[PDB]
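Notes follow once the structure below has been shown.
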Number of protein chains: 2
Amino acid sequence: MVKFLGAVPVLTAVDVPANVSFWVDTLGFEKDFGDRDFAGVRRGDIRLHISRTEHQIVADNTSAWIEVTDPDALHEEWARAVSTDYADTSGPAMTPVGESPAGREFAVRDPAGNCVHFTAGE
Amino acid sequence: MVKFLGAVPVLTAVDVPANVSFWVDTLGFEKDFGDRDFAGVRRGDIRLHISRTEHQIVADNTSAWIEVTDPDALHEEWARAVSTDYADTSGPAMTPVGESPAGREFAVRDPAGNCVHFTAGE
């Protein structure tokens, strides 16, 4: 019986190195591998790939969900490095933590335009 | 210390219901939740979300990686339901299993255009 061990979302970016810097230097992920065309970052038990695209519209419409034990704690860690002005599409921003039927969560929009959601998980 | 438990890729599609049918009825995933705008499927320990997009170019440029214990076994299970003519972009297709420095893998292009890779994992 085939077992499904994990899934790796692929974020997209016109400028991969700049986006990798954000995830690593600002959000605290570690660089796994990569170059300007395809890179990978990781933190804890999860990994994320970042692929180069020639179309900004693709990056602005790419998203991913990540399950963490404590969304609030993570939000607090980043509150000092990321703008809380989500409406300000001028750059990366983070939303407030909110309650949903599925638990607390918040989202981060990286410099490339990807929207990544962080939700409470088990 | 915040723990990262899992990641959920988000596939995109102009026709979400048609894509969900493919993942569930053809690839054997189970329907978690959803409607025509946003749905979720799952198999084993992993989940995938499918979001509606108005731009086909986004779907054709969306991808994801999934780690499984045995790529060949999975490929064999699907060899009877999916076309092995990847070049035939007329519809869903699957590539042969190939060897990479990171192990054996293959890819599937679903009806919506997303490209999902299945690689050997631990």
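By convention in this document, the chains of the structure tokens carry letters A, B, ... by their order, each chain's residues are numbered from 1, and ligands are numbered from 1 in the order they are shown.
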Inset, instruction - Restrict the distance test to only C-alpha atoms, flag each residue of chain A within 10 Å of chain B, and return the flagged residues as a PyMOL selection string. - result: chain A and resi 1-12+42-49+51+53+55-74+77+116-118+120-122
Legend entry - Residue neighbourhood residue 80 (chain B), 12 Å, only C-alpha atoms, exclusion window fewer than 2 positions, as a ChimeraX atom specification: /B:26-27,74-78,82-84,93-94
Export of the given selection (C-alpha atoms) as a tab-separated table (two decimals), in the first residue's frame:
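This went into again-v1.tsv:
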chain	number	residue	atom	x	y	z
B	26	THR	CA	-9.76	8.66	-11.33
B	27	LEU	CA	-6.84	9.06	-8.91
B	74	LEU	CA	1.45	4.43	-7.50
B	75	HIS	CA	2.28	4.80	-11.19
B	76	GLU	CA	1.16	1.21	-11.78
B	77	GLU	CA	-2.17	1.84	-10.04
B	78	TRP	CA	-2.89	4.79	-12.36
B	82	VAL	CA	-4.52	7.85	-17.16
B	83	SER	CA	-3.08	8.51	-20.61
B	84	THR	CA	0.69	7.97	-20.90
B	93	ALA	CA	-1.64	12.58	-18.87
B	94	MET	CA	1.10	10.93	-16.83
Legend entry - Test item, strand (DSSP E) assignment across chain A, answer as a PyMOL selection string: chain A and resi 4-13+30-34+38-43+46-52+63-68+93-94+98-100+103-109+115-120
Legend entry - Top pick for closest residue to residue 28 (chain B), considering B:109, B:98, B:119, B:81 and counting only C-alpha atoms: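 Nearest candidate to residue 28 (chain B) out of B:109, B:98, B:119, B:81: B:81.
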Inset, instruction - Please report, as a PyMOL selection string, each residue of chain A to which DSSP assigns helix (DSSP H, G or I) when run on this structure's backbone. - result: chain A and resi 16-26+56-59+71-78
